């Protein structure tokens, strides 16, 4: 079993660089402009030049400009990056129809039947990087291993523009030596819970009673970690099927007023109902980010498919339900459809 994983380098900003090659070699910051004030919103991503100075995904545009005023600030153009991504995913598909598109910028290929061994896998890696460079001028990192988890880890170790194999031997070694916080799926909350226990390595999860582990981090994560430590992990590459599709938007200002909020919710419903594209949902959820950034939602599952009209009607109800039960003002409002027929 051999998995090749592809993850595009500083994606949104690299696309902008390809579109406008004069930007290459200099700082580039792609931004989500909330419209609340002069330069409100967050950085979606930045090129390596900008990251040198602490500008990265997630920080507020004004914070980025405080540390890099001279940089080039471009507004996120999601549709453009999705079109470049699709062209890339289809090139990848020529290397293996057995492909799992995991996100806007990354994909797992099962290549067990394209290559005999890791050295051939590595070579196909080199070919992939070249095709994507010839055809779309986008550099990418490649990670190759026996499974998804370690292929992802491998690419994390190779960024940017890299290529890493983690073979059966180094998987053994990493199980013993890799900080467990570097395992995909282990964020801040879990990592702090593991350290309290004294679990620092995947191998540690084997020297602890299951129920005390499951008691601290939940069953599923614990099962997953043990699986990895035993080297018995093997979740197959599967064709991506979207389980939910939604839209969320930021308001010019915070409100509790239904009439002040409706235009945003309706903007988001229209945009959502359009991304559905022949998919028919049975559940709708109205999602509200509050004053203090706490996320709050109200939903309904119907026994049947929701028409756009039903969606209009029910979301307004749901929104009112939020207002009725949470006494805080709202700052972002959206809607998410799920349970496709």
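So that the term is clear: the rigid core is the largest set of C-alpha atoms that superpose within 1.5 Å between two forms. Positions refer to the first chain, counted from 1.
Put simply, when the other structures in 8 other deposited structures of this protein are lined up on the rigid core, the C-alpha atoms of 250 to 258 lie farther off than those of the other stretch, from 152 to 160 and 250 to 258.
In 8 other deposited structures of this protein, superposed on the rigid core, the segment with the larger root-mean-square CA displacement between 95 to 103 and 201 to 209 is 201 to 209. Mean CA temperature factor is higher for 180 to 188 when stretches 102 to 110 and 180 to 188 are set side by side in the entry.
Comparing 195 to 203 with 126 to 134, the higher mean C-alpha B-factor in the PDB entry belongs to 195 to 203. Out of 144, 153, 258, 84, it is 258 whose C-alpha atom has the highest B-factor in the PDB entry. The residue among 160, 236, 75, 246 whose C-alpha carries the highest B-factor in the deposited model is 236. Compared with the other modelled residues of the chain, the Cα B-factor recorded for residue 226 ranks in the highest third. Among the modelled residues of the chain, residue 333 sits in the lowest third by CA temperature factor in this PDB entry. The entry lists a Cα temperature factor for residue 148 that places it in the lowest third of the chain's modelled residues. The PDB entry assigns residue 14 a C-alpha temperature factor belonging to the lowest third of its chain's modelled residues.
The entry lists a Cα temperature factor for residue 51 that places it in the lowest third of the chain's modelled residues.
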